[PDB]
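Next comes query-v4.pdb, with PDB, N, CA and C atoms.
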```pdb
ATOM      1  N   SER A   2     -13.919-225.381 -37.262
ATOM      2  CA  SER A   2     -12.854-225.225 -38.301
ATOM      3  C   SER A   2     -12.216-226.573 -38.663
ATOM      4  N   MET A   3     -11.334-226.550 -39.654
ATOM      5  CA  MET A   3     -10.577-227.734 -40.030
ATOM      6  C   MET A   3      -9.420-228.008 -39.062
ATOM      7  N   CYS A   4      -9.055-229.274 -38.950
ATOM      8  CA  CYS A   4      -7.860-229.675 -38.207
ATOM      9  C   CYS A   4      -6.583-229.232 -38.948
ATOM     10  N   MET A   5      -6.598-229.352 -40.272
ATOM     11  CA  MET A   5      -5.453-228.994 -41.115
ATOM     12  C   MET A   5      -5.927-228.958 -42.561
ATOM     13  N   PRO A   6      -5.099-228.440 -43.483
ATOM     14  CA  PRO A   6      -5.440-228.617 -44.910
ATOM     15  C   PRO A   6      -5.310-230.053 -45.388
ATOM     16  N   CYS A   7      -6.105-230.412 -46.394
ATOM     17  CA  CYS A   7      -5.860-231.599 -47.200
ATOM     18  C   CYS A   7      -5.223-231.176 -48.514
ATOM     19  N   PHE A   8      -4.107-231.820 -48.827
ATOM     20  CA  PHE A   8      -3.324-231.498 -50.006
ATOM     21  C   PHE A   8      -3.488-232.631 -51.007
ATOM     22  N   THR A   9      -3.857-232.273 -52.236
ATOM     23  CA  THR A   9      -4.091-233.235 -53.299
ATOM     24  C   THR A   9      -2.882-234.139 -53.579
ATOM     25  N   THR A  10      -1.675-233.566 -53.579
ATOM     26  CA  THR A  10      -0.462-234.291 -53.972
ATOM     27  C   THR A  10       0.213-235.085 -52.830
ATOM     28  N   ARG A  11      -0.375-235.095 -51.625
ATOM     29  CA  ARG A  11       0.047-236.024 -50.575
ATOM     30  C   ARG A  11      -0.747-237.328 -50.714
ATOM     31  N   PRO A  12      -0.097-238.432 -51.155
ATOM     32  CA  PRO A  12      -0.859-239.691 -51.307
ATOM     33  C   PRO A  12      -1.282-240.338 -49.988
ATOM     34  N   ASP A  13      -0.672-239.916 -48.890
ATOM     35  CA  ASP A  13      -1.058-240.369 -47.560
ATOM     36  C   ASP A  13      -1.933-239.331 -46.825
ATOM     37  N   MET A  14      -2.653-238.486 -47.572
ATOM     38  CA  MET A  14      -3.405-237.393 -46.959
ATOM     39  C   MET A  14      -4.460-237.867 -45.965
ATOM     40  N   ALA A  15      -5.212-238.908 -46.320
ATOM     41  CA  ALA A  15      -6.245-239.481 -45.435
ATOM     42  C   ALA A  15      -5.673-239.895 -44.100
ATOM     43  N   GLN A  16      -4.494-240.508 -44.142
ATOM     44  CA  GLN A  16      -3.804-240.977 -42.940
ATOM     45  C   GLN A  16      -3.367-239.809 -42.063
ATOM     46  N   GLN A  17      -2.809-238.774 -42.698
ATOM     47  CA  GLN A  17      -2.415-237.547 -42.001
ATOM     48  C   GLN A  17      -3.611-236.811 -41.408
ATOM     49  N   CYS A  18      -4.722-236.780 -42.139
ATOM     50  CA  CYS A  18      -5.949-236.177 -41.619
ATOM     51  C   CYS A  18      -6.446-236.947 -40.378
ATOM     52  N   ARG A  19      -6.415-238.268 -40.425
ATOM     53  CA  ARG A  19      -6.809-239.072 -39.261
ATOM     54  C   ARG A  19      -5.844-238.937 -38.073
ATOM     55  N   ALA A  20      -4.542-238.846 -38.349
ATOM     56  CA  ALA A  20      -3.566-238.484 -37.307
ATOM     57  C   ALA A  20      -3.941-237.166 -36.599
ATOM     58  N   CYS A  21      -4.283-236.168 -37.409
ATOM     59  CA  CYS A  21      -4.693-234.853 -36.922
ATOM     60  C   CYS A  21      -5.936-234.977 -36.047
ATOM     61  N   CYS A  22      -6.914-235.735 -36.543
ATOM     62  CA  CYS A  22      -8.228-235.877 -35.903
ATOM     63  C   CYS A  22      -8.329-237.051 -34.916
ATOM     64  N   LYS A  23      -7.188-237.489 -34.383
ATOM     65  CA  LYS A  23      -7.146-238.510 -33.340
ATOM     66  C   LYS A  23      -7.850-239.819 -33.742
ATOM     67  N   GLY A  24      -7.759-240.163 -35.025
ATOM     68  CA  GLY A  24      -8.327-241.391 -35.564
ATOM     69  C   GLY A  24      -9.649-241.300 -36.295
ATOM     70  N   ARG A  25     -10.313-240.148 -36.247
ATOM     71  CA  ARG A  25     -11.581-239.963 -36.950
ATOM     72  C   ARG A  25     -11.693-238.581 -37.596
ATOM     73  N   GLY A  26     -11.418-238.542 -38.887
ATOM     74  CA  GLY A  26     -11.564-237.334 -39.678
ATOM     75  C   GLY A  26     -11.447-237.663 -41.151
ATOM     76  N   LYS A  27     -11.886-236.732 -42.002
ATOM     77  CA  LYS A  27     -11.987-236.979 -43.437
ATOM     78  C   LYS A  27     -11.718-235.714 -44.270
ATOM     79  N   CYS A  28     -11.043-235.909 -45.409
ATOM     80  CA  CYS A  28     -10.757-234.823 -46.334
ATOM     81  C   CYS A  28     -12.014-234.506 -47.141
ATOM     82  N   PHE A  29     -12.392-233.228 -47.133
ATOM     83  CA  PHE A  29     -13.439-232.682 -47.997
ATOM     84  C   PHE A  29     -12.805-231.531 -48.771
ATOM     85  N   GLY A  30     -12.515-231.782 -50.046
ATOM     86  CA  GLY A  30     -11.727-230.865 -50.832
ATOM     87  C   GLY A  30     -10.451-230.481 -50.075
ATOM     88  N   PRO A  31     -10.206-229.172 -49.887
ATOM     89  CA  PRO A  31      -8.937-228.816 -49.258
ATOM     90  C   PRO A  31      -8.957-228.820 -47.715
ATOM     91  N   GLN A  32      -9.934-229.470 -47.075
ATOM     92  CA  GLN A  32     -10.136-229.381 -45.624
ATOM     93  C   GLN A  32     -10.208-230.751 -44.944
ATOM     94  N   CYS A  33      -9.313-230.980 -43.984
ATOM     95  CA  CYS A  33      -9.419-232.138 -43.073
ATOM     96  C   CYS A  33     -10.419-231.803 -41.958
ATOM     97  N   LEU A  34     -11.562-232.491 -41.952
ATOM     98  CA  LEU A  34     -12.623-232.244 -40.964
ATOM     99  C   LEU A  34     -12.765-233.450 -40.036
ATOM    100  N   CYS A  35     -12.586-233.218 -38.735
ATOM    101  CA  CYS A  35     -12.709-234.270 -37.727
ATOM    102  C   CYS A  35     -14.181-234.640 -37.501
ATOM    103  N   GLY A  36     -14.420-235.894 -37.134
ATOM    104  CA  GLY A  36     -15.764-236.369 -36.814
ATOM    105  C   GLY A  36     -16.548-236.935 -37.975
ATOM    106  N   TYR A  37     -15.864-237.241 -39.077
ATOM    107  CA  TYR A  37     -16.488-237.878 -40.234
ATOM    108  C   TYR A  37     -15.744-239.149 -40.578
ATOM    109  N   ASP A  38     -16.519-240.169 -40.942
ATOM    110  CA  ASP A  38     -16.004-241.457 -41.348
ATOM    111  C   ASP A  38     -16.001-241.496 -42.863
TER     112      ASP A  38
END
```

Before anything else, please render the file you have as structure tokens.
Amino acid sequence: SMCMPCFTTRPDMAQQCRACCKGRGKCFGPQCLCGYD
């Protein structure tokens, strides 16, 4: 599953997704997925 949602209107979304994923994760549409660069 996803770590959290990715929200279009958060300009720091990538950073929040990486916080969620302990430094390694990426937004794919509305989903923060850990283990992707």

**Prompt:** On this structure, which residues satisfy the PyMOL selection byres ((chain A and resi 29-31) around 8), written as JSON, numbers by chain?
**Reply:** {"A": [3, 5, 6, 7, 8, 9, 26, 27, 28, 32, 33, 34]}

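If you look at CA of residue 22 in chain A and CA of residue 35 in chain A, they are 5.1 Å away from each other.
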
**Request:** Write out as a ChimeraX atom specification each polymer residue whose atoms come within 10 Å of residue 23 in chain A, counting only C-alpha atoms; drop sequence neighbours fewer than 5 positions from it.
**Result:** /A:17-18,35-36

Can I get the selection written as a PDB file, keeping the file's coordinate frame, with N, CA and C atoms?
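File produced: part_12.pdb:
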```pdb
ATOM      1  N   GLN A  17      -2.809-238.774 -42.698  1.00  0.00           N
ATOM      2  CA  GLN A  17      -2.415-237.547 -42.001  1.00  0.00           C
ATOM      3  C   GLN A  17      -3.611-236.811 -41.408  1.00  0.00           C
ATOM      4  N   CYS A  18      -4.722-236.780 -42.139  1.00  0.00           N
ATOM      5  CA  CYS A  18      -5.949-236.177 -41.619  1.00  0.00           C
ATOM      6  C   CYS A  18      -6.446-236.947 -40.378  1.00  0.00           C
ATOM      7  N   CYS A  35     -12.586-233.218 -38.735  1.00  0.00           N
ATOM      8  CA  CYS A  35     -12.709-234.270 -37.727  1.00  0.00           C
ATOM      9  C   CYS A  35     -14.181-234.640 -37.501  1.00  0.00           C
ATOM     10  N   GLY A  36     -14.420-235.894 -37.134  1.00  0.00           N
ATOM     11  CA  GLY A  36     -15.764-236.369 -36.814  1.00  0.00           C
ATOM     12  C   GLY A  36     -16.548-236.935 -37.975  1.00  0.00           C
TER      13      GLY A  36
END
```

**Prompt:** What is the CA of residue 19 in chain A-atom N of residue 2 in chain A distance in Å, reported with one decimal?
**Reply:** 15.6 Å

**Request:** Pull the helix (DSSP H, G or I) assignments for chain A out of DSSP run on the backbone, and list those residues as a PyMOL selection string.
**Result:** chain A and resi 14-21

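Residues of chain A carrying a DSSP assignment of strand (DSSP E or B), computed from the backbone, are residues 5, 6, 26, 27, 28, 29, 32, 33, 34 and 35 of chain A.
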
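Note that the spacing between atom N of residue 24 in chain A and atom N of residue 11 in chain A amounts to 18.9 Å.
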